[PDB]
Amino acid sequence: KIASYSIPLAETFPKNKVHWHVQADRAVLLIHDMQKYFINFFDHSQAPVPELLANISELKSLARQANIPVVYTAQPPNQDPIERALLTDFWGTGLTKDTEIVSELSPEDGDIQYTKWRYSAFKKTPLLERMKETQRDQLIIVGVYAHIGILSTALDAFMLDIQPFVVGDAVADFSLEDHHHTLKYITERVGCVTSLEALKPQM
């Protein structure tokens, strides 16, 4: 059960080492694991969940207007233990219900959903293959949880020659400490930490 916390302000975000900028023709918006199951660990009516949903919703609308593909990731229910593998040792047998995307962020016509198996959105999915085929090499990452799946996805993007853009105010985590630590790690070793405000004109 995640204790309530406020999404940090863009002024507290660490400074970027890299000077990348989102270009609509090169970008993909990834809404990472925004399933009811994962959001249920927080009190939905409490911070960081209302700001997280409002910021992702605004960014998603902007992506659709800019012709930026929207990709959702979702873990499947009743996973085969062989397929789930070493995750069981840390998290148990996994979700059986609430596999749907939170109603506030329900996918619209044209949006794509990929079945998620590991922390990284690139493991066992068509994401790299689709990014290569469409010449898209920039990944805008939003969702939960910053230090786990968001971090692993960004690390993979980076290693696969895809520029990761982690939206600091459109991610949530187990705590504010974990949230801040992830942004610091991204700016220092993986990619770009951006904000809804900085990102808005680049799209």
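Start at 1 with the first residue shown and count on from there.
Across the two stretches, 22 to 30 and 168 to 176, the PDB entry reports the greater mean Cα temperature factor for 22 to 30. The PDB entry reports B-factors from which the mean C-alpha value can be compared for 61 to 69 and 152 to 160; the larger average falls on 61 to 69. Among the modelled residues of its chain, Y145 has a C-alpha B-factor that falls in the lowest third according to the deposited record.
For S120, the recorded CA temperature factor ranks within the lowest third of the chain's modelled residues. Per the deposited record, the Cα B-factor of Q135 falls in the highest third when ranked against the other modelled residues of its chain.
Among the modelled residues of its chain, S4 has a C-alpha B-factor that falls in the middle third according to the deposited record.
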